[PDB]
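Shown next, in structure tokens, is the structure this report addresses.
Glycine gets a Cβ as well: all are built from the backbone with ideal geometry, and neighbour counts include every protein chain shown. Since every read-out is calculated from the coordinates, none of them should be taken as a lab result.
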Amino acid sequence: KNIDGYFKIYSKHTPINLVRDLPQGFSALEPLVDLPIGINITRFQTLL
Amino acid sequence: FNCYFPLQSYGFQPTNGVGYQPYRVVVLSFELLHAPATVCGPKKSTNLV
Amino acid sequence: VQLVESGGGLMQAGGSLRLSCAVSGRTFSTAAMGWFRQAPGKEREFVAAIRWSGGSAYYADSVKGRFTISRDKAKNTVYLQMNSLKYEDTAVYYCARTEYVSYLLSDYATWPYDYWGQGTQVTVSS
Ligand SMILES: *[C@@H]1O[C@H](CO)[C@@H](O)[C@H](O)[C@H]1NC(C)=O
């Protein structure tokens, strides 16, 4: 997310066994990164 | 005639007058945009009691 | 920094020769290149200058309409195209280089240059 110029990045890693969908359950994401980018964002894309 | 090159060289010699000797100059300008201030000073800490 | 001259030599009057002068070694900048000449027993004399930036040229009166100075920045080489050769053109020709930038092109006729080539003989025959 991008609020007042700061780019907030939270993340969480877990093991799973689901070949189809997301596993049902509950787990919280701790922050990892706070970037003072000051950059407008309205679109994004992924790189594999 | 009436057509000159806009630039000219400096005569910097070791024996030149102080007025004519070279001087390095740095100008520090500060900016405050609609953006976070990412350049802060030391603000050094003290001992713990 | 070295100035390496080439071309010239012997040519009959009315003919054309081209001199080259290549700049080798690390240069910070080049302001101008020039050609001078020294005929036996005579003083070394200005021939032509070219500003590295823009390529504007300045000529001695004695060579106007006959000689052309030119520059190839990428090859760091200056040329003198010597057309309509006369006996009076017989001399050792010297390449010169300066980093001194004058606003006034005509200054290159009288400016003492910093770097000099070894000299290349031009001999004009009958
Ligand atoms: C950033 O987005 C805001 C909100 O729409 C808009 O007012 C502004 O023009 C944008 N700024 C830039 C740098 O395009």
Worksheet item: Only one of these conditions is not met by B:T38: (1) under 19 Å from the mean Cα position of the chain (by Cα); (2) within 11 Å of another protein chain (Cβ to nearest Cβ); (3) not aliphatic (A, V, I, L, M). Which number is it?
Response: (1)
Practice prompt. Among the residues of the stretch B:1-16, count how many are among the hydroxyl-bearing types (S, T, Y) and facing chain C (nearest Cβ under 9 Å).
Written response: 2
Practice prompt. Please determine, by comparing only the residues of the stretch C:1-43 that are of a type in the set (K, R) and surrounded by 14 or more Cβ atoms within 10 Å (Cβ to Cβ), which one is farthest from C:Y113 (Cα to Cα).
Written response: C:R18
Worksheet item: From the list C:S125, C:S102, which residue is out of contact with any strand residue (DSSP E or B) (no Cβ under 6 Å at 6 or more places or on another chain), surrounded by fewer than 20 Cβ atoms within 10 Å (Cβ to Cβ) and over 15 Å from C:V23 (Cβ atoms)?
Response: C:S102
Worksheet item: Is there a residue being surrounded by 13 or more Cβ atoms within 10 Å (Cβ to Cβ) and of a type in the set (D, E) anywhere in the stretch C:85-99?
Response: yes
Worksheet item: Can you find a residue in the stretch C:113-120 that is part of a loop (DSSP other than H, G, I, E, B), among the aromatic types (F, W, Y) and within 14 Å of the chain's Cα centre (by Cα)?
Response: yes
Worksheet item: Does the stretch A:5-21 include one or more residues that are assigned to a loop (DSSP other than H, G, I, E, B), closer than 30 Å to B:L33 by Cα and not basic (K, R)?
Response: yes
Fill in: Residues (surrounded by fewer than 10 Cβ atoms within 10 Å (Cβ to Cβ) and among the aromatic types (F, W, Y)) located in chain A
A:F26, A:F44
